[PDB]
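These protein sequences, in sequence, are chains A and B.
Heads up, the first sequence stops at 238 in the entry's author numbering, and the numbers go up one at a time, no gaps.
Heads up, the second sequence stops at 36 in the entry's author numbering, and the numbers go up one at a time, no gaps.
Note that beta-carbon positions come from the ideal geometry of N, C-alpha and C, so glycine has one too.
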Amino acid sequence: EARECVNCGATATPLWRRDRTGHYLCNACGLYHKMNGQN
Amino acid sequence: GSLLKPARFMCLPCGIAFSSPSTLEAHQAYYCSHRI
Ligand SMILES: [Zn+2]
Ligand SMILES: [Zn+2]
Numbered sequence: 200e201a202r203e204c205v206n207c208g209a210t211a212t213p214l215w216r217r218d219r220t221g222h223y224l225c226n227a228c229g230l231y232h233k234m235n236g237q238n
Numbered sequence: 001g002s003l004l005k006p007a008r009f010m011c012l013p014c015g016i017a018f019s020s021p022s023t024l025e026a027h028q029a030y031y032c033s034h035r036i
């Protein structure tokens, strides 16, 4: 609906977070990219 | 020759289709395994 997640595809996320590369991630997959540090 | 440029924006094994090739890159780097 909102956007296409690259890790799960869950569009029912409370908010979307964009990665530094410019990708669109959710509150889950997006958080991983932040906490993990790496890609 | 060949194709070079990918005209497909939907993974076959995964089954998840995208609307933006830019994000598809991240998809194919996680969903279809953490390949590089
Ligand atoms: Zn997600
Ligand atoms: Zn895929």
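Over the uninterrupted alpha helix (DSSP H) stretch that includes residue i, give me the two end residues.
| i | result |
| --- | --- |
| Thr23(B) | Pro21 to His27 |
| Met234(A) | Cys228 to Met234 |
With burial defined as no fewer than 16 other Cβ atoms inside 10 Å of the residue's Cβ, what is the status of residue i: buried or exposed?
| i | result |
| --- | --- |
| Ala26(B) | buried |
| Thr220(A) | exposed |
| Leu224(A) | buried |
| residue 113(B) | The requested residue 113(B) is not part of the displayed model; chain B covers only 1 to 36. |
| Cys14(B) | exposed |
Closest to residue i by C-alpha separation, out of the options, would be which residue?
| i | options | result |
| --- | --- | --- |
| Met10(B) | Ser2(B), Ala29(B) and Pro21(B) | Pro21(B) |
| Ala29(B) | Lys233(A), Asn226(A), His222(A) and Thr212(A) | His222(A) |
| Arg35(B) | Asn206(A), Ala201(A), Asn226(A) and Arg216(A) | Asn206(A) |
Of all the residues that make up the region 207-229 of chain A, which are near chain B by a beta-carbon distance shorter than 9 Å?
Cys207, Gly208, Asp218, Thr220, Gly221, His222, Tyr223, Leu224 and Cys228
Subject >> Any heavy atom of ligand 2 within less than 7 Å of residue CB: hits in chain order >> reply: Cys11(B), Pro13(B), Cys14(B), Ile16(B), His27(B), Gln28(B), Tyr31(B) and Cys32(B)
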